[PDB]
Amino acid sequence: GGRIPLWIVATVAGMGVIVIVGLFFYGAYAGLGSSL
Amino acid sequence: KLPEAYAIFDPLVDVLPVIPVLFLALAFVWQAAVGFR
Amino acid sequence: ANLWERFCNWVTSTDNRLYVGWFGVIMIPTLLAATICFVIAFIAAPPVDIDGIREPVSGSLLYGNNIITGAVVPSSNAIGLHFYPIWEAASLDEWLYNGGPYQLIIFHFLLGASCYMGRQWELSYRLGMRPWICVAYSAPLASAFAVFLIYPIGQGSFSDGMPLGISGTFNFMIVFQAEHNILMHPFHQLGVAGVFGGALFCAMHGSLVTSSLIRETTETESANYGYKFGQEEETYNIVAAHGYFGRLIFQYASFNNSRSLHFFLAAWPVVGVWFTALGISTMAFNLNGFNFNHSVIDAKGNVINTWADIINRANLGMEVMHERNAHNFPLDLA
Amino acid sequence: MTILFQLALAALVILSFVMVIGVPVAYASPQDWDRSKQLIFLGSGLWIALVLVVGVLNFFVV
Amino acid sequence: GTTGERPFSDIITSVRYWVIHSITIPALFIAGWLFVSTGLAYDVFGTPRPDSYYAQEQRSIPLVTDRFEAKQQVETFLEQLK
Amino acid sequence: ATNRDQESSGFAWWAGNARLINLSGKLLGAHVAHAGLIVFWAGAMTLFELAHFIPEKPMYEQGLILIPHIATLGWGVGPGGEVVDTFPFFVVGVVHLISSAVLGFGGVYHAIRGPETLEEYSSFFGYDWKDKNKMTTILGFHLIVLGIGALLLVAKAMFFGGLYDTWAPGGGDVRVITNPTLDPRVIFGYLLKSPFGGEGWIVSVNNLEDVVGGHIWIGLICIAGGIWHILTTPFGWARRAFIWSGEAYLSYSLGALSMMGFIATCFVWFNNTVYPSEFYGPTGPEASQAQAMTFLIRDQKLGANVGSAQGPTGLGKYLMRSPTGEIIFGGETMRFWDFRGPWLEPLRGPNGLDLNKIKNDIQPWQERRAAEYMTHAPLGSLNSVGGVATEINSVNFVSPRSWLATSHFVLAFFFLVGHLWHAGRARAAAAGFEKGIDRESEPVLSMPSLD
Amino acid sequence: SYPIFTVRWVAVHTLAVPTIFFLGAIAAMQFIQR
Amino acid sequence: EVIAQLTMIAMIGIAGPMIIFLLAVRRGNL
Amino acid sequence: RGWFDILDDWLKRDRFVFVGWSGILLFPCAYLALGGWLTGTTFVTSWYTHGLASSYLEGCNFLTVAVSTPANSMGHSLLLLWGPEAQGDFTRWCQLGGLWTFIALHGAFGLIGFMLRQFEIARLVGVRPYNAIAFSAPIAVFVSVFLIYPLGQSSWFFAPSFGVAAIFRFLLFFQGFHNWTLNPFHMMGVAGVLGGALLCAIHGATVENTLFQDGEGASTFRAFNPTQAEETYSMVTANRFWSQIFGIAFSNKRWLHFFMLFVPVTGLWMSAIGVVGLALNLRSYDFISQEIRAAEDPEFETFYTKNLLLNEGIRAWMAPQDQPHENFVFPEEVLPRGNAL
Ligand code: CLA
Ligand code: CLA
Ligand code: CLA
Ligand code: CLA
Ligand SMILES: CC1=C(/C=C/C(C)=C/C=C/C(C)=C/C=C/C=C(C)/C=C/C=C(C)/C=C/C2=C(C)CCCC2(C)C)C(C)(C)CCC1
Ligand SMILES: CC1=C(/C=C/C(C)=C/C=C/C(C)=C/C=C/C=C(C)/C=C/C=C(C)/C=C/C2=C(C)CCCC2(C)C)C(C)(C)CCC1
Ligand SMILES: CC1=C(/C=C/C(C)=C/C=C/C(C)=C/C=C/C=C(C)/C=C/C=C(C)/C=C/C2=C(C)CCCC2(C)C)C(C)(C)CCC1
Ligand SMILES: CC1=C(/C=C/C(C)=C/C=C/C(C)=C/C=C/C=C(C)/C=C/C=C(C)/C=C/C2=C(C)CCCC2(C)C)C(C)(C)CCC1
Ligand SMILES: CCCCCCCCCCCCCCCCCC(=O)O
Ligand SMILES: [Cl-]
Ligand SMILES: [Cl-]
Ligand SMILES: [Fe+2]
C-alpha cells in the first residue's frame with residue numbers, strides 16, 4: 001500500500017540496470033565477440 | 001605503476017576517477033527523496 | 001533628431017516588411033554575395049581541380065551538367081586550408097580553375113547564416129517574445145558548419161568539404177562512410193532518430209489536431225475556414241485528442257499539457273540534429289564509428305563474419321575507388 | 001616503518017570514508033547541532049594529521 | 001480519470017509485491033542463465049557452438065542451396081563435423 | 001526552508017540550481033564544491049594514469065591525457081621525452097586529490113550549514129548582481145589571480161627547471177628558458193595572424209621563448225586589468241550596452257568558454273610545440289607527411305630518383321611544388337605542406353625540401369620517427385580500433401589528440417548553445433517578458449499591420 | 001480495494017517475464033569463451 | 001583482484017544513498 | 001442481447017489497455033513479431049543462410065545482431081513451420097530462415113491491426129480518423145520494402161534483414177546496385193522526412209516562444225489547463241515574427257496542422273513508389289547523355305561519374321560475401337581499384 005518508499009525502489013532498480021549493462025559492456029571485451 | 005608501497009591500493013585507484021559522476025547521480029537520488037518538489 | 005539615431009530607428013524598426021536589425025546589416029550583404037556567386041557559378045563556372053591533381057571536375061550547367069549532377073566544386077587540395085580570395089589569384093581564370101568560388105560562397109554563407117540566427121534572437125526581442133527560436137535553428141546551422149567548415153579543418157582541406165550540388169552531396173556521404181563508418185557511429189544513429197522521430201511526431205501532431213477540429217464548417221467548404229486568424233478560442237478539442245491517443249497506447253503515454261507537448265516537438269529533432277552535427281564534427285578529428293571487423297572468431301580462430309564485416313566490404317569498395325588518381329601511398333590518412 | 005606506513009594510510013582511508021558520510025549527515029541534522037560539531041573538529045584535525053604522517057613516512061618507503 | 005486497476009505506484013511500493021517478486025524475478029533470471037549454461041539453447045535453435053562452425057580443415061560455409069532438400073542438406077553438414 | 005520548492009522559488013526541480021541566484025552563500029557553496037570535483041578529477045585521473053602507466057610504451061599508446069601535460073612542463077622526463085622519474089606524476093596526482101577534500105569540505109559547509117546569504121554576515125563577501133562596482137571588484141581580484149597563474153608558468157620555465165622543448169637539439173629535452181620574447185611585434189603579431197592555412201593565428205606558436213614571453217605579457221596585462229577594475233566603475237557607454245544580472249554574466253562567460261574550447265580544439269590538433277608529439281602522438285598533418293617520407297626513403301633506398309619521378313597525374317610522385325613554389329611532399333599530403341616538425345626541418349632548405357639533403361642526409365632516427373608517426377596517425381574507432389575505418393581488429397589505439405579535440409569541440413559547441421540560451425533569457429528577463437506575452441498589452445497588437 | 005488479476009496484469013507479465021529470462025540468458029553469454 | 005575493484009566501488013557507491021537514507025530517518029534537512 | 005453484442009461490450013471496456021475487435025488481430029501478431037525478433041537476435045544464427053553469426057549467443061552485440069533473411073534457394077517460400085522445407089522441425093525452421101517470414105508476416109498483420117485499432121478507437125471516441133490515414137505511410141513503406149521489393153527479386157534473401165547493421169548493409173547495397181540516391185522518388189522522400197523534422201522543430205519552438213504569460217512561475221509549463229478555451233500562445237505574434245524573418249508565415253492553424261500531417265506522410269508514400277520500381281531493377285541509375293559524352297570524352301568528369309565509380313567498387317568488393325550462394329570468385333586482378341589503395 002506504500003510501505004516501501006518509491007525513491008528507495010527507484011535507486012535499487014536503477015543500480016540493478018547499471019550492473020547488467022555494465023556486464024554487457026564487460027562482455028564486449030572478453031570471450032565471444034572480443035576479437036581475441 | 002604506482003610506487004610499490006601504494007600498490008595494495010591499486011584497485012581503489014582504479015575506481016576513483018568515476019566518483020565525480022556518482023555526484024550527478026546522487027543529486028537525483030536526493031530529488032526523489034524530496035519528491036522533486 | 002540626428003542622422004545616426006534616425007538610422008538606428010530604421011535598422012531596428014518593427015514596421016519594416018522584412019526586419020533588418022543589426023545582425024541583418026551583416027546578413028544581407030553576405031547572403032547576397034554568396035547567392036549571386038552561387039547562381040553564376042552553378043550556371044557557368046568552368047571545371048575545377050578539386051583534388052589538386054590537375055583533373056578538373058565540371059560542375060556547371062553550361063559545361064554539360066543538369067540540375068542533379070551540377071555543383072559548385074570545392075577548392076583545390078593544393079590550397080588546403082589556405083585563404084584564397086579573388087585578389088590572391090593572378091587572374092580570375094586562375095581563381096576559377098582552383099575553385100575560388102567555393103570559398104567565397106561558403107564563407108559569406110556561413111557568416112550570413114550565423115547572423116540569420118542572431119536576427120531571430122533580435123526580432124524576438126523587439127516583439128517581446130521569448131528568445132529561443134534561434135536555439136532551434138542552431139541545430140541546422142551547426143550541421144552546415146560541420147560539413148563546410150569543421151570537417152575541412154580536421155582533414156586539412158576545403159577540397160574535402162561538402163560540394164554545393166545534389167550529386168556532390170552524395171559523393172561526400174559515400175566517401176564519408178568509407179573513411180569513417182558513420183553509419184556505425186551513435187551520433188549519426190541519434191541524428192536518424194532525430195529526423196525519423198521528428199517526421200513521426202510531425203505527422204502525429206498534425207493528424208491528432210486535425211482529427212479533433214471542432215465542427216465549424218459544412219461539408220462543402222474547406223474545414224480550414226473554421227479557424228479565423230487571431231481568434232481567441234482554440235479550434236480543436238485537445239481533451240478529445242488526448243482521449244483518442246491515450247486509448248491508442250495508454251493514458252499516460254499521452255500529453256494533456258499543450259506546452260509540454262510542443263516543447264517535446266521542439267526538443268526531439270533539435271537534440272538529435274545537434275548530435276549528428278557533433279558526429280560530423282568529431283569524425284572530422286577521426287574518432288570514427290564502431291569497428292567490429294573480425295570481432296567474432298570461432299574456437300580455432302576462423303573469422304565468423306557478421307553484418308559488420310559485410311558493411312566493411314562495401315566500405316572497402318568505396319575506399320579503393322574514391323579519388324582514384326589522388327593517392328600514391330597505401331594509407332589514406334586524410 | 002613499512003607495515004605502519006600502511007597502517008597510517010588505511011587509517012586515513014577509513015577516517016575519510018567516515019568523514020564522507022558523517023559530515024553531511026551531521027550538518028543537516030541541526031538536532032545534533034552542538035554534540036556533533038566537536039566531532040568534525042576532531043575528525044578534521046585528525047585527518048590533516050594522518051595526511052602529514054603519510055607524507056613524511058612516504059620518504060621512508062618510496 | 002481512472003480505469004479501476006490498482007495504481008502501479010501502489011503495487012511496486014507494496015510489501016506483498018516485493019515478497020512475491022524477490023523470488024520470481026531472480027528465479028526467471030537463473031532459468032535463462034541455465035538455458036545457456038546447460039548448452040540447451042544451442043540445441044533448441046540449432047546455433048553452432050564455437051567449435052562447430054567449420055570442420056577442422058574446411059574453409060567453406062555450409063550454405064543451403066536447395067529448397068526442398070535443404071533440411072537434409074543441413075543434417076548432412078552436421079554429420080561432417082564428427 | 002528557503003526557496004527549495006517550486007511554489008516559493010518559481011523554478012521547477014529540473015531548473016533547481018536557478019533557485020540559488022540570490023542566495024550568495026549557498027551559491028558560494030555550489031561553486032566551491034564544484035571546484036572540489038574538478039580538482040578531485042585531476043587527482044584521481046592522474047593516479048589512474050600512473051597506475052596504468054608502462055614507461056617503455058609511448059605515452060600516446062596508453063590513453064594518457066594528463067601525464068602528457070605534466071611531462072610538457074619538464075617533470076619526470078629527459079631527452080627524447082623518455083620518462084626518467086614517475087614520482088612527480090604521483091605528487092601532482094596526490095596533492096590535487098588531497099586538496100579536493102578541503103574544497104569539498106568548504107563547499108558542503110557553505111551549501112548546507114553556512115549562512116544562506118552572505119550580505120548580512122559581511123559587506124565584503126556579500127554582493128548584489130546589480131552592484132556594478134562590486135562586480136568589477138570581484139572580476140578585478142580574479143584577474144589578479146589569473147595574472148599570477150600565468151607568471152607561475154614563467155617561473156617554472158625560467159627559474160624552476162624549464163620546460164620540455166621538442167625543438168631542442170638532439171631530439172628534444174627539458175630546457176631552461178633564459179630569453180623569453182618580449183618584443184610586442186612578435187607577441188601581438190600572433191594575434192593578427194590570419195587563422196587560415198600557413199598562418200594559423202596563435203596556434204602557430206612554435207618555440208618556447210614566444211610561449212614564455214606571451215605569458216609574461218598576459219600575466220602583467222591581467223594584473224594591471226585587475227587593479228583597473230578594483231579601482232574603477234564601468235563607464236556610461238558600457239553601462240548602456242550590457243545587461244547587468246547574474247544570468248547575463250553567466251552567459252558572457254559561457255560565450256568566452258565556448259570560444260576558448262574551439263581554440264583548444266585546434267591547438268591540440270595542429271600544434272606540436274606545446275603539445276609535443278613525443279607525448280601526444282603525431283598530428284594528423286604530421287602522420288600524413290610522415291607517410292610520404294617513409295616511402296620516399298624506402299624507394300630511394302631501392303634506387304629511385306625521387307626528384308624526377310613523375311606520378312600518374314603528372315605531378316611528382318614524391319615531391320612537387322606548393323602553389324607558392326616551395327618543394328613539398330606529393331600525393332594527397334600536398335594539403336599538409338604547412339606542417340613543421342623537428343624530424344623534418346633538417347631536410348628543409350630555402351626553397352622547401354632540399355633534394356641534396358634528401359639524397360644524402362636522412363638519418364636513421366628520422367626514418368624511425370617517420371615510421372612511428374605514420375603508424376600512429378590519429379585515426380581510430382570509438383571502441384579504439386586504431387587505423388582507417390576499414391581496418392581489422394588488432395591495434396588498440398586512438399590518439400590522445402583525437403580524444404582531446406573531439407571532447408572539446410563537443411563541450412565548446414554546447415557552451416555556445418548555453419550562451420545563446422542564457423543570453424536570450426537574460427535579455428528577456430531584464431525587459432520583463434521571459435515568462436510570456438502579457439495578454440492585456442500584447443506589443444504586436446499595437447503595431448501597424450505589415451501590409 | 002482493487003482486482004489484482006486484470007487484462008493489464010496479463011499485458012505486463014506477457015512482456016516482463018520473458019524479458020527477465022532473456023536477460024539471464026544474455027548475462028550467461030558474457031562468460032562463454034571460444 | 002577485480003573482486004577488490006568491485007568491492008571498493010560497491011562501498012563507495014553505497015555511500016551516497018546512505019547519506020540520504022540516514023538524513024531521512026533522522027528527519028534531517030533534505 | 002445476443003452473444004455478439006455481449007462480446008462487443010467486453011472488448012470495448014474502458015481499461016488500462018484498450019482491446020477492441022482490432023485487438024484480436026493486433027496483440028497476437030505484434031507480440032509474436034516482437035517476440036520472434038528478440039528470440040532470433042538472442043539465440044539464432046544465420047550461418048546456413050548467409051555465412052554469418054547473428055545472435056548474442058554467438059557473440060554479436062546489439063548493433064550486429066539480426067534476424068536474417070532466408071537463403072536464396074528458398075525462393076519466395078512462405079517457409080511455414082509445417083510446410084515442405086522445415087517439415088515441422090522447429091530447429092531446422094530457425095536454421096533455414098523461418099523466423100524472417102514469421103516476423104515479416106505477423107508484423108504485416110500486426111500493422112493492419114494497429115491501423116484498425118486507430119479506426120476503432122477514433123469511432124468510439126468521436127474523432128475524425130486522420131491518425132489512421134497518416135499511418136498509411138508507415139504501412140506503404142513496410143509493404144514496399146519488406147514484401148514487394150523481394151517479391152520482384154529472386155528471393156526473400158534480398159529483402160532487408162531485421163537488424164541494425166543488417167539495415168546499414170541494405171542502405172549501401174541500394175547505393176551500389178540501384179544508385180538509389182539518384183532516384184527522384186527517394187529524393188521526395190528525403191524532402192518529406194527532413195521537411196517533417198523541420199516542421200516538428202519550428203512549430204514546437206514557435207509555440208514555446210510565443211506563449212502568453214498565464215502564470216507567475218518561471219517554469220511556464222504549469223500555466224496550461226487542458227480544458228481552457230483560450231489559445232495558449234499568440235498566433236498573431238508568431239505570424240508577424242515569421243513574416244518579418246522569413247517573409248511568409250502561417251495564418252491558419254488548421255492548415256498548419258494539416259500541412260504537418262501532409263508533408264512526411266506524402267514523402268514516405270513517394271519513397272515507397274521508388275522502391276516498387278527497384279523491385280524490378282527499374283532504377284534511375286544513369287543519365288544517358290552524360291554516359292555518351294563521358295565515353296567519348298575522357299576529360300569530361302562530373303560528380304555523377306565519380307559516384308558510379310564508387311558504386312562499381314561497392315558491387316565488386318561486397319558481392320562475393322554478400323551473395324554467397326552465387327559463388328563469386330573474383331581474383332585480385334579483376335577488382336576495381338584506384339592508385340595505391
Ligand atoms: C575576464 C576578462 C575581462 C572582462 C570580462 C572585462 C570586462 C569589462 N571591462 Mg575590462 N579589462 C581586462 C579584462 C576584462 N575586462 C583586462 C585584463 C584589462 C587590461 C587590459 C582590461 C581593461 C579595461 C579597460 C581599459 C576598460 C575595461 C572595461 C570593461 C567593461 C566593458 C568591456 C567591454 O565593452 O567589452 C568588450 C567590448 C568592446 C566593445 C571592446 C571592443 C570590441 C572589439 C570588436 C574587440 C576587438 C579588439 C580586442 C580588444 C582585441 C582583439 C583580439 C582578437 C584577435 C581576438 C567590462 C566590465 C571598460 C570599462 O567600463 O572600464 C571601467 C574600459 O574602459 N577593461
Ligand atoms: C555540481 C553539482 C551541483 C552542486 C554543487 C549543487 C548544489 C546545490 N543545489 Mg543543485 N542540482 C544539481 C547539481 C548540483 N547542485 C543537479 C544535477 C540537479 C538536478 C537533479 C540539482 C537540483 C537542485 C534543486 C531542485 C535544488 C538544488 C539546490 C542546491 C543547493 C542546496 C541543496 C540542499 O539544500 O541540499 C540538501 C541535501 C542534503 C543535505 C543531502 C546531502 C547532500 C550532501 C551535499 C552530500 C555531500 C556528499 C559528499 C561526499 C560529502 C563529503 C564531505 C567531505 C569533504 C568531508 C546547493 C548549493 C537547492 C537550492 O537551490 O536551495 C535553495 C534546490 O532546491 N539543486
Ligand atoms: C573562494 C572561496 C571562498 C570564499 C570567497 C569564502 C568566503 C567565506 N567563507 Mg569559506 N571556505 C572556503 C572557501 C571560500 N570561503 C573553503 C575552501 C573552506 C574549507 C577550508 C571554507 C570554510 C569555511 C568555514 C568553515 C567558514 C567559512 C567562512 C567564510 C566567510 C569568512 C571567511 C573569512 O573571513 O576568512 C578569512 C580567511 C583567512 C583568515 C584565510 C586566508 C588565507 C587563504 C586561506 C590562503 C590562500 C590559499 C590559496 C589561495 C589556495 C592554493 C593553495 C594550494 C597549495 C593548496 C566568507 C563568507 C566562515 C563563515 O561563513 O562564518 C559563519 C566560516 O565559519 N568558510
Ligand atoms: C490473429 C492472430 C494470428 C494471425 C493472423 C496469424 C497469422 C499467421 N501465422 Mg501465427 N500464430 C498465432 C496467431 C496468429 N497467426 C498464435 C497465437 C501463435 C502461437 C500459437 C502462432 C504461431 C505461429 C507459427 C508457429 C507459425 C504461424 C504462421 C502464421 C502464418 C500462416 C498461418 C496459416 O496458414 O494459417 C492457416 C490457418 C488458417 C488460415 C485458419 C483457418 C480457419 C478456418 C478453418 C476456416 C474454415 C471456414 C469455415 C468452413 C467457415 C466457418 C464460419 C464461421 C461462422 C464458423 C500467418 C502469417 C506460420 C508462419 O509465420 O510461417 C512463416 C508459422 O509457422 N503462426
Ligand atoms: C552540495 C550538493 C551536492 C554536491 C556536492 C559536491 C559536489 C561535493 C564535493 C565533495 C568533494 C569534492 C569531496 C572530496 C573528498 C575527497 C577525499 C575524501 C579525498 C581523500 C583522499 C585520500 C584518502 C587519499 C589517499 C591516498 C593517498 C594519499 C595516496 C594514494 C592512495 C590513496 C588514494 C588511498 C549534490 C549535487 C550532491 C547534492 C546537492 C548538494
Ligand atoms: C599567452 C601566449 C601568447 C599571447 C597571448 C596574448 C597576448 C593574447 C591576447 C589576447 C587578447 C587581447 C584577446 C582579446 C579578445 C577580445 C575579445 C574576445 C572581444 C570581444 C568583444 C565583444 C564580445 C563585444 C561585444 C559587443 C559588441 C561588439 C557590441 C555591443 C555589445 C557587445 C558589448 C556585447 C602567444 C600567442 C604569444 C603565445 C602563446 C602564449
Ligand atoms: C577520494 C577517496 C574517498 C572518497 C570517496 C567519496 C567522495 C565518495 C563519494 C561517493 C558518492 C558520491 C557516491 C554516490 C552514489 C550514488 C548513486 C549510487 C546514485 C545512483 C542513482 C540512481 C540509481 C538513480 C535512480 C533514479 C532515481 C533516484 C530517480 C529518477 C529515476 C532514476 C532511475 C534515475 C574515500 C572515502 C573512498 C577514501 C579513499 C579516497
Ligand atoms: C518466436 C516464436 C515464438 C514466440 C516467441 C516469443 C513470444 C518470445 C518472446 C520473447 C520476449 C518477449 C523477449 C524479451 C526480451 C527482452 C530483452 C532482451 C530486454 C532487454 C533490454 C535491455 C537490455 C534494455 C535496457 C536498457 C538499456 C540497454 C539502456 C536504456 C535503459 C534500459 C534500462 C531500457 C513461438 C513461441 C510462437 C514459437 C515460434 C517462434
Ligand atoms: C491463423 C492463425 C494461425 C496459427 C497457427 C499455429 C501453428 C502451430 C502448429 C505447428 C505444427 C507443426 C507440426 C506439423 C509438421 C507436419 C510436416 C509434414 O506433414 O511433412
Ligand atoms: Cl570520389
Ligand atoms: Cl597519397
Ligand atoms: Fe500545434
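When reading the values below, keep in mind they use all heavy atoms of this one structure, side chains included, and skip hydrogens, waters and symmetry mates. Each ligand, and each atom within it, is numbered from 1 in the order the structure gives. We name chains A, B, ... by the order of the sequence lines, and we start the count at 1 in each one.
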Q | Closer than 4.0 Å: a protein non-hydrogen atom to atom 17 (C) of ligand 9 | A | yes
Q) Does ligand 5 have a heavy atom under 4.0 Å from the side chain of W30(B), from its backbone, from both, or from neither? A) side chain
Q: Go through the structure and list residues passing ring pair (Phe, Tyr, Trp, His ring centres under 6.0 Å) with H52(F), not counting sequence neighbours.
A: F48(F)
Q. What protein heavy atom sits nearest atom 1 (C) of ligand 7, and how far away is it?
A. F40(F) CE1, 3.4 Å
Q: Could you find the nearest protein heavy atom to atom 20 (O) of ligand 9 and give me its residue, atom name and distance?
A: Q87(I) CB, 4.2 Å
Q | For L37(F), the ligand 5 atoms whose distance to one of its heavy atoms is below 4.0 Å | A | 7 (C), 12 (C)
Q) Taking atom 24 (C) of ligand 7 as the point of reference, which of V13(B), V29(B), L6(A), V12(A) owns the nearest heavy atom? A) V29(B)
**Q.** Plane angle bin for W7(A) and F21(H) - parallel if under 30°, tilted between 30 and 60°, otherwise perpendicular
**A.** tilted
Q: Would you please classify the geometry between the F28(B) ring and the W13(F) ring as parallel, tilted or perpendicular, with 30° and 60° separating the classes?
A: perpendicular
Q.
Judged on heavy-atom distance to atom 30 (C) of ligand 7, which of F23(B), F36(B), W7(A), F17(D) sits nearest?
A. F36(B)
**Q.** Heavy-atom protein neighbour under 4.0 angstrom from atom 9 (C) of ligand 5
**A.** yes
Q: For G88(I), take its heavy atoms, then give the atoms of ligand 9 lying under 4.0 Å from any of them.
A: 15 (C)
Q. Under the salt bridge (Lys or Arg N to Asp or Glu O under 4.0 Å) test, which residues partner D85(F), sequence neighbours left out?
A. none
Q: Quick one: look up the protein heavy atom nearest atom 4 (C) of ligand 7 and list residue, atom name and how far away it is.
A: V20(D) CG2, 4.2 Å
Q: Go through ligand 5 atom by atom and flag the ones less than 4.0 Å from a non-hydrogen atom of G36(F).
A: 12 (C)
(Q) Whether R67(E) and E85(I) form a salt bridge (side-chain N of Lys/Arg under 4.0 Å from carboxylate O of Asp/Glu) is what I want to check. (A) yes
Q.
Tell me whether the rings of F102(I) and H106(I) are parallel (<30°), tilted (30 to 60°) or perpendicular (>60°).
A. tilted
Q. What residue and atom, counting heavy atoms only, is the protein's closest point to atom 11 (C) of ligand 5, and at what distance?
A. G104(F) CA, 3.6 Å
